[PDB]
There are 2 protein chains.
Amino acid sequence: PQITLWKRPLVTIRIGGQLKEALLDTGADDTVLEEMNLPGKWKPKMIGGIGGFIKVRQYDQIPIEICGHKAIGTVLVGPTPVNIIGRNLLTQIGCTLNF
Amino acid sequence: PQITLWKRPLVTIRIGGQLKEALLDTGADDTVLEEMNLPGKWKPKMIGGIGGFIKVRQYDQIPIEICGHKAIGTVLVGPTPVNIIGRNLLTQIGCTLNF
Ligand SMILES: COc1ccc(S(=O)(=O)N(CC2CCCCC2)C[C@@H](O)[C@H](Cc2ccccc2)NC(=O)c2cccc(O)c2)cc1
């Protein structure tokens with residue numbers, strides 16, 4: 001679809017048979033989800049945002065269906081204010097900015 | 001134009017006699033610029049993201065040129081690591097997400 005920006009670009013994603021709302025975030029390098037349980041080995045990681053650095057858990061090769069489009073990639077889990085879909089997966093679903 | 005997301009969506013913006021590189025950021029409600037001594041009235045504000053909150057100065061009705069598109073609106077000025085063009089100005093240059 002085409003998504004305008006007068007409202008937050010929130011979409012439904014499917015991860016582990018759970019539906020969640022996530023924000024399409026072109027300013028985010030990474031995909032970062034609020035506290036949740038995911039299967040597999042994780043590696044501790046640190047990432048930086050506007051307010052400083054946080055600790056997150058890195059899960060690789062995780063499938064997510066973003067608004068009907070399939071991705072399989074790195075998902076970070078941690079204390080993000082909102083679930084965000086970043087560039088690593090935006091590229092997988094063929095998302096571009098247009099004006 | 002169409003901007004892919006393989007790399008950070010950085011573009012040239014103009015605010016007075018300052019050209020700067022800024023992120024076209026669909027995850028940002030508002031525009032946040034690195035510290036600069038803009039003229040006129042402002043109000044203090046706190047904004048939050050990954051890592052917590054920072055203190056900014058909100059300036060209203062500031063003209064910005066973004067990739068040669070004209071915009072005018074609210075700009076938040078403070079100790080951000082990166083210049084951020086938020087949805088308030090993205091809608092004004094006609095910016096959409098497409099996939
Ligand atoms: C109200 O206006 C706002 C409020 C918040 C923000 S925000 O910047 O915090 N922010 C708002 C978001 C924050 C997360 C939850 C939803 C709200 C915009 C976001 O795109 C930032 C941009 C960014 C990039 C690099 C360094 C610092 C910031 N990305 C990131 O925080 C980010 C960058 C690179 C890697 C990464 O893992 C995350 C912007 C405008």
# chains A, B, ... in the order shown; residues from 1 in each chain; ligands from 1

call {"tool": "residues_near_ligand", "arguments": {"ligand": "ligand 1", "cutoff": "6 Å", "atoms": "only C-alpha atoms and all ligand atoms", "output": "ChimeraX atom specification"}}
result
/A:25,27-30,47,49-50,80-82 /B:25,27-32,47-50,81-82

call {"tool": "calpha_fit_and_write", "arguments": {"fixed": "chain A", "moving": "chain B", "output": "short mmCIF file (atom, residue, chain, number, x, y, z; two decimals) with C-alpha atoms, in the first residue's frame"}}
result
data_model
loop_
_atom_site.label_atom_id
_atom_site.label_comp_id
_atom_site.auth_asym_id
_atom_site.auth_seq_id
_atom_site.Cartn_x
_atom_site.Cartn_y
_atom_site.Cartn_z
CA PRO B 1 -0.01 0.58 -0.44
CA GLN B 2 0.85 4.24 0.14
CA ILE B 3 1.05 5.49 3.75
CA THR B 4 0.76 9.21 4.48
CA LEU B 5 2.49 10.74 7.51
CA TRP B 6 -0.30 12.84 9.08
CA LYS B 7 -0.34 10.25 11.86
CA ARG B 8 2.23 7.70 13.06
CA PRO B 9 2.76 4.99 10.37
CA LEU B 10 1.55 2.10 12.59
CA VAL B 11 0.78 -1.26 11.00
CA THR B 12 -0.06 -4.76 12.17
CA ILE B 13 2.86 -7.15 12.42
CA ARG B 14 2.86 -10.85 13.27
CA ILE B 15 5.56 -12.67 15.19
CA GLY B 16 4.40 -16.17 16.18
CA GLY B 17 1.13 -16.05 18.12
CA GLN B 18 1.52 -12.33 18.75
CA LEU B 19 -0.07 -9.70 16.54
CA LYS B 20 1.32 -6.27 17.48
CA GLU B 21 1.16 -2.74 16.11
CA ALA B 22 4.52 -1.40 14.92
CA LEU B 23 5.95 1.80 13.40
CA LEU B 24 7.33 1.70 9.86
CA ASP B 25 10.46 3.63 10.79
CA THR B 26 12.96 4.80 8.16
CA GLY B 27 15.12 6.32 10.92
CA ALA B 28 15.71 2.95 12.59
CA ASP B 29 18.61 0.84 11.21
CA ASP B 30 17.21 -2.23 12.97
CA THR B 31 13.92 -3.66 14.18
CA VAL B 32 13.18 -3.19 17.89
CA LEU B 33 10.26 -4.94 19.54
CA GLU B 34 8.77 -4.51 23.02
CA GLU B 35 9.76 -7.16 25.55
CA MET B 36 8.69 -10.69 24.60
CA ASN B 37 10.07 -14.14 25.38
CA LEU B 38 11.14 -15.35 21.90
CA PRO B 39 12.67 -18.83 21.60
CA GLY B 40 16.30 -19.57 20.76
CA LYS B 41 19.77 -18.05 20.88
CA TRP B 42 20.38 -14.31 21.29
CA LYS B 43 23.22 -11.87 21.95
CA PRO B 44 23.14 -8.76 24.18
CA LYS B 45 23.47 -5.35 22.56
CA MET B 46 23.09 -1.64 23.38
CA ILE B 47 21.25 0.72 21.04
CA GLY B 48 21.11 4.48 21.21
CA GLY B 49 18.63 7.19 20.32
CA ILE B 50 17.06 10.33 21.78
CA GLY B 51 17.59 10.18 25.54
CA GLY B 52 20.48 7.68 25.47
CA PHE B 53 20.89 3.90 25.25
CA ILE B 54 18.88 0.82 26.11
CA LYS B 55 19.88 -2.81 26.48
CA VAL B 56 18.35 -5.25 23.99
CA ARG B 57 18.54 -8.94 23.07
CA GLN B 58 19.40 -9.58 19.43
CA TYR B 59 17.64 -12.60 17.89
CA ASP B 60 18.57 -13.62 14.32
CA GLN B 61 16.48 -15.16 11.50
CA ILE B 62 13.05 -14.40 13.02
CA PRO B 63 10.15 -14.50 10.56
CA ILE B 64 7.76 -11.56 10.76
CA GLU B 65 4.65 -10.86 8.69
CA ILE B 66 4.28 -7.08 8.07
CA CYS B 67 0.96 -6.04 6.51
CA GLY B 68 0.82 -9.54 5.00
CA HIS B 69 4.29 -9.23 3.45
CA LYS B 70 6.78 -11.90 4.53
CA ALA B 71 10.09 -10.96 6.06
CA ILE B 72 12.77 -12.76 8.04
CA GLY B 73 15.68 -11.18 9.84
CA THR B 74 17.22 -9.75 12.96
CA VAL B 75 14.92 -8.55 15.72
CA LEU B 76 16.11 -6.63 18.79
CA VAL B 77 14.03 -7.17 21.92
CA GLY B 78 14.03 -4.85 24.91
CA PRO B 79 12.32 -2.05 26.86
CA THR B 80 11.32 0.17 23.96
CA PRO B 81 8.13 2.24 24.37
CA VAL B 82 7.02 1.36 20.84
CA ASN B 83 7.45 -1.53 18.39
CA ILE B 84 9.76 -0.34 15.59
CA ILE B 85 10.12 -1.89 12.12
CA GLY B 86 13.57 -0.79 10.92
CA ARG B 87 15.31 -0.64 7.54
CA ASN B 88 16.57 -4.25 7.76
CA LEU B 89 12.94 -5.45 7.28
CA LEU B 90 11.52 -2.42 5.41
CA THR B 91 13.73 -3.21 2.40
CA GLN B 92 12.39 -6.79 2.45
CA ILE B 93 8.77 -5.68 2.07
CA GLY B 94 9.81 -3.29 -0.74
CA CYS B 95 9.31 -0.08 1.26
CA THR B 96 10.46 3.24 -0.19
CA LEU B 97 10.14 6.92 0.69
CA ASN B 98 8.61 9.02 -2.09
CA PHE B 99 8.15 12.77 -2.60
#
